[PDB]
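*Asks:*
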Amino acid sequence: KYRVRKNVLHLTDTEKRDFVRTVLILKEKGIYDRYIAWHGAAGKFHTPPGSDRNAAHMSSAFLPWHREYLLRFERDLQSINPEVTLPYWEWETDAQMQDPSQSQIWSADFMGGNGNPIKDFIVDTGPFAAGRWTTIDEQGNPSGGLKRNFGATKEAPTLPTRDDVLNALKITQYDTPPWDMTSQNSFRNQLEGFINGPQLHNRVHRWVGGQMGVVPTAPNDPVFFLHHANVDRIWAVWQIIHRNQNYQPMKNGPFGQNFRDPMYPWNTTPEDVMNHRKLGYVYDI
Amino acid sequence: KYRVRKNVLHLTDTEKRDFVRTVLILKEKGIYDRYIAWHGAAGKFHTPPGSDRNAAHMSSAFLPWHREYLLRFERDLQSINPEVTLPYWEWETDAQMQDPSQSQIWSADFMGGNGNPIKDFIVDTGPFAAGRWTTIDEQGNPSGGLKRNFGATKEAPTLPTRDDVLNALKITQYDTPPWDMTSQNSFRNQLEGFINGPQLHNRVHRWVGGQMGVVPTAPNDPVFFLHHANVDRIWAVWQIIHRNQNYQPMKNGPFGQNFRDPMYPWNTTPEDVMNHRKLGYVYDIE
Ligand SMILES: CCCCCCCCCCCCOS(=O)(=O)O
Ligand SMILES: [Cu+2]
């Protein structure tokens, strides 16, 4: 289990110099946009159709999907910078801050800062400011600059806490019928954050605002990946605790949710991403 | 070369009954839906973003993309019933018939016939009419069935001309700058149908109407694949004829349009499929 993924606060100022530079070199060989488009496709892709579940969100594929989404987003970093790995954003600890908007992560040498009120919350600081970065709307057409607004939502004024997370790791079941937004005592649902929406994951891309709330476009913003890194590492954590707890459903899950059913838009299956070690990456710790 | 892709009108019936029996199975195992989604997803992926050119249509990638598409589909169709291949629809020969709707490809035991004007052109006849076939739309949610309306468009009253096909096979260049709708003297653009459009491939689509008229809902209609079967066969012929010539652009291409770029939604490159034999199928003319 090599390729160590590192808390964003643990990184150097060269590490950070690198990552944010590799991303830009993706973004512009044409590659990035096709993770903006994969995440979007697989969310008009209801499983089945007309259900509320999509091959990713709101079902029991949500985590391994975003696992081999992160996975195959890394390499194309590693192919651009062997010694760049994907860092995670431990938002629970940032939650404790007096004002997390002052996390080293919103520093202006990484992703940048909060949106500017005056410019309609268009991010004007840091490497992804409007003018140095390029976003895409739902239609697959150009958008114009990033937008953020931390905590300007009534329904998510604060980031989730360490407690929130400790509680979620408690949950004995991976997922529970029917496998969607209403699944009770379901680690997945809760980690997604649909139990008392909008908790945990959901909460952030409700806390961060702009394209990180409307989902479909969510990958526009680089920190999407920092985010789901943390989500992934929380799931690597749960994984061990209940080393025993495995994926459910095993079958009888809508096609695309079971444990041996490929995950639009790839042919990849959870069976295939149930280990972060076999994937050749292990989280600082 | 083994797999052998046979003109629909050469298909013994048990062979038609075997092909239609599998398409369902693929549809039932919710395996077929991923094919509609793929094709609707590449069309929403512009390259570069904000420019007519999508991952499948409107660029040099149209042929190799739809060649890969099909391959994967034959493959799924194979894994299940090893004896089933993906047949082609030779529309240039149907174009002769007094009424090319009488083709025996719209036969009740095969694809079904034309839209019923009473039920708003739903298809009610054949293994596929509202009732045994389910139809997703652009967003991704069930719409209700299948629709056809043969040549109701004043734009495309009649399928391509078997004498057109020849003309497009004369073209020397696979494609040419700027690698889009306006490309001139490009095999790829003519076959696609933009030269005085709609022609050939584009004229096929508008000819059938219903879902097949619209770029994103096209693959709802199994005929999409025969159609594209034929379209791949034509390229294939083109490749043998103008063997010297090769895919273009090689580089300097719009990421996702060059010889060795991966083609959204896959990792596969035009290079990976420029030789169809090596993909393990051939067209019953060999
Ligand atoms: C100035 C006249 C405008 C020409 C046509 C405008 C829409 C008509 C196209 C009908 C077929 C569909 O064609 S499409 O444009 O939608 O692909
Ligand atoms: Cu998401």
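Heads up: the protein sequence lines correspond to chains B and A, in order.
In the authors' numbering, each residue carries its 1-based index in the first sequence increased by 3.
In the authors' numbering, each residue carries its 1-based index in the second sequence increased by 3.
No residue lacks a Cβ here, since even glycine has one placed at the ideal position from N, Cα and C.
#1: Along chain B, which residues have their Cβ under 8 angstroms away from the Cβ of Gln142 (chain A)?
#2: With respect to 7 angstroms, is the separation between the Cβ of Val226 (chain B) and the closest non-hydrogen atom of ligand 2 below this value?
#3: Checking the sheet assignment: what are the DSSP bridge partners for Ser189 (chain A)?
#4: Can the beta-carbon of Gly213 (chain A) be found less than 8 angstroms from the beta-carbon of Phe131 (chain A)?
#5: Given that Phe65 (chain A) touches chain B, what residues does it touch there, using C-beta distances under 9 angstroms?
#6: If we cut at 8 angstroms on Cβ distances, does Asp183 (chain A) have a partner in chain B?
#7: Should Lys157 (chain A) go down as buried or exposed, given a rule of 16 or more other Cβ atoms within 10 Å for buried?
#8: Between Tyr267 (chain B) and chain A, is there a C-beta pair that is closer than 8 angstroms?
#9: Do the region 258 to 270 of chain B and the region 55 to 62 of chain B touch if we need at least three Cβ pairs shorter than 8 angstroms?
#10: For the alpha helix (DSSP H) containing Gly147 (chain B), list its first residue and its last residue.
#11: Can you tell me whether DSSP reads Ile139 (chain B) as helix, strand or coil?
#12: For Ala159 (chain A), which of helix, strand or coil comes out of DSSP?
#13: Thinking C-beta only, is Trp68 (chain B) closer than 8 angstroms to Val11 (chain B)?
#14: Kindly say whether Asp55 (chain B), judged by its beta-carbon, lies nearer than 8 angstroms to any beta-carbon of chain A.
#15: For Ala133 (chain B), which of helix, strand or coil comes out of DSSP?
#16: Tell me whether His279 (chain A) sits in a helix, a strand or coil according to DSSP, three-state version.
#17: Name the chain A residues that come within less than 7 angstroms of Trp136 (chain B), Cβ to Cβ?
#18: By the three-class DSSP mapping on this structure, what secondary structure does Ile83 (chain B) have?
#19: Whose Cβ in chain B lies nearer than 7 angstroms to the Cβ of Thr50 (chain A)?
#20: Name, please, each residue of chain A whose Cβ falls closer than 9 angstroms to the Cβ of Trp41 (chain B).
#21: Assuming contact is defined by CB atoms lying nearer than 8 angstroms, are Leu73 (chain B) and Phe228 (chain B) in contact in what I supplied?
#22: Put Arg151 (chain A) into one of helix, strand or coil per three-state DSSP.
#23: Taking the beta carbon of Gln193 (chain B) as the centre, do at least 16 other beta carbons fall within 10 Å, making it buried, or is it exposed?
#24: With a CB to CB cut of under 7 angstroms and the five nearest residues on each side skipped, what residues in its chain are close to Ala133 (chain B)?
#25: Taking the Cβ atom as the reference point for each residue, do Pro90 (chain A) and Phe22 (chain A) lie within a distance shorter than 8 angstroms?
#26: Need the endpoints of the alpha helix (DSSP H) that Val7 (chain A) sits in, please.
#27: Which of the three DSSP states, helix, strand or coil, is assigned to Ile125 (chain B)?
#28: I'd like to know whether the C-beta atoms of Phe258 (chain A) and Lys30 (chain B) end up nearer to each other than 8 angstroms.
#29: Any idea if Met253 (chain A) is buried or exposed, counting beta-carbon neighbours within 10 angstroms, 16 or more meaning buried?
#30: Using only CA atoms, which one of A:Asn144, A:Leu172, A:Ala64 and A:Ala98 lies nearest to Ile243 (chain A)?
#31: Would you list, in sequence order, the uninterrupted alpha helix (DSSP H) runs of no fewer than 4 residues that lie entirely inside the region 208 to 283 of chain B?
#32: Which residues share a DSSP beta bridge with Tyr72 (chain A)?
#33: If we ignore side chains and look at the alpha-carbon of each, how far apart do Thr50 (chain B) and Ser63 (chain B) end up?
#34: Mind listing the chain A neighbours of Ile28 (chain B)? Cutoff is C-beta to C-beta under 7 angstroms, in chain order.
#35: What are the boundary residues of the alpha helix (DSSP H) that includes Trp182 (chain A)?
#36: With distances taken between CB atoms, is the gap from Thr88 (chain A) to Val26 (chain A) smaller than 8 angstroms?
*Replies:* Taking the definition as stated:
#1: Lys47
#2: no
#3: A:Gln176
#4: no
#5: Residues of chain B passing the Cβ test: none, with the nearest at roughly 17 angstroms.
#6: no
#7: exposed
#8: yes
#9: yes
#10: Careful: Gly147 (chain B) lies outside any alpha helix (DSSP H), inside the beta strand (DSSP E) at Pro145 to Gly147.
#11: strand
#12: coil
#13: no
#14: no
#15: strand
#16: coil
#17: Near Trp136 (chain B) there are no residues of chain A at all, since even the closest Cβ is about 13 angstroms away, more than 7 angstroms.
#18: coil
#19: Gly33
#20: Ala44, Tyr267 and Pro268
#21: yes
#22: coil
#23: buried
#24: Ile125, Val126, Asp127, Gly147, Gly148 and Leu149
#25: yes
#26: Looking at the DSSP string, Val7 (chain A) is not in any alpha helix (DSSP H); the run it does join, the beta strand (DSSP E), is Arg6 to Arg8.
#27: strand
#28: no
#29: exposed
#30: A:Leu172
#31: 226 to 244
#32: Per DSSP, none; premise fails for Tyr72 (chain A).
#33: 11 angstroms
#34: Ordered by position in chain A, no residue passes the 7 angstroms Cβ test against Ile28 (chain B), which lies about 13 angstroms from the chain.
#35: Here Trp182 (chain A) belongs to no alpha helix (DSSP H), and DSSP marks it neither H nor E.
#36: no
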